[PDB]
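J.: One structure coming up, written as structure tokens, with questions to follow.
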Amino acid sequence: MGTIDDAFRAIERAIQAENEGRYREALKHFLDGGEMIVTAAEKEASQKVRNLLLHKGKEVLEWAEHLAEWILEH
């Protein structure tokens with residue numbers, strides 16, 4: 001498809017894996033999307049959502065890695 005939403009939908013396969021492999025490098029792909037939400041905030045300024053786009057971006061980025069690593073923690 002080619003959309004940010006895909007990254008969040010694919011995250012399920014990362015945790016569902018429950019193993020140690022390419023899943024580690026797969027996360028890198030998600031981190032790339034994080035810049036998509038930032039660019040929108042940077043290009044802007046006088047936007048109420050711009051504040052949420054960044055806050056939510058820096059969060060989901062650290063969160064996605066938390067659950068993604070869970071596989072190893074298992």
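In the structure tokens, the first chain shown is A, the next is B, and so on; residue numbers restart at 1 for each chain, and ligands run from 1 in the order shown.
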Assign secondary structure with DSSP using the backbone only, and return the residues of chain A in alpha helix (DSSP H) as a ChimeraX atom specification.
T.: /A:4-17,23-43,48-73
J.: I want to know what sits within 8 Å of residue A:27, based on only C-alpha atoms, with residues of the same chain fewer than 2 positions away left out; could you give that as a PyMOL selection string?
T.: chain A and resi 23-25+29-31+64-65+68
J.: What does the distance between atom CA of residue A:58 and atom CA of residue A:2 come to in Å, to one decimal place?
T.: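 Going from atom CA of residue A:58 over to atom CA of residue A:2, I get 21.2 Å.
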J.: Report, in Å to a single decimal, how far apart atom CA of residue A:42 and atom CA of residue A:62 are.
T.: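 Going from atom CA of residue A:62 over to atom CA of residue A:42, I get 19.8 Å.
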J.: If we count only C-alpha atoms and set the cut-off at 7 Å, which residues sit around stretch 4-21 of chain A, ignoring sequence neighbours fewer than 5 positions away in its own chain? Please answer as a PDB file with N, CA and C atoms, in the first residue's frame.
T.:
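Now in around_34.pdb:
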```
ATOM      1  N   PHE A  30      10.165   1.226  10.898  1.00  0.00           N
ATOM      2  CA  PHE A  30       9.167   1.995  11.631  1.00  0.00           C
ATOM      3  C   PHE A  30       9.729   3.346  12.063  1.00  0.00           C
ATOM      4  N   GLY A  33       9.436   6.139   9.592  1.00  0.00           N
ATOM      5  CA  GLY A  33       8.157   6.814   9.476  1.00  0.00           C
ATOM      6  C   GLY A  33       8.000   7.935  10.485  1.00  0.00           C
ATOM      7  N   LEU A  67       7.360  -2.856  22.521  1.00  0.00           N
ATOM      8  CA  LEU A  67       6.615  -4.075  22.218  1.00  0.00           C
ATOM      9  C   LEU A  67       7.376  -4.943  21.222  1.00  0.00           C
ATOM     10  N   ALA A  68       8.071  -4.297  20.292  1.00  0.00           N
ATOM     11  CA  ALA A  68       8.844  -5.012  19.282  1.00  0.00           C
ATOM     12  C   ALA A  68       9.954  -5.837  19.924  1.00  0.00           C
ATOM     13  N   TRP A  70       9.765  -6.934  23.012  1.00  0.00           N
ATOM     14  CA  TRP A  70       9.109  -7.891  23.895  1.00  0.00           C
ATOM     15  C   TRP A  70       9.417  -9.324  23.472  1.00  0.00           C
ATOM     16  N   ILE A  71       9.494  -9.546  22.164  1.00  0.00           N
ATOM     17  CA  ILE A  71       9.783 -10.870  21.631  1.00  0.00           C
ATOM     18  C   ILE A  71      11.014 -11.475  22.298  1.00  0.00           C
ATOM     19  N   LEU A  72      12.055 -10.664  22.450  1.00  0.00           N
ATOM     20  CA  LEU A  72      13.293 -11.118  23.075  1.00  0.00           C
ATOM     21  C   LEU A  72      13.114 -11.282  24.580  1.00  0.00           C
TER      22      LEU A  72
END
```
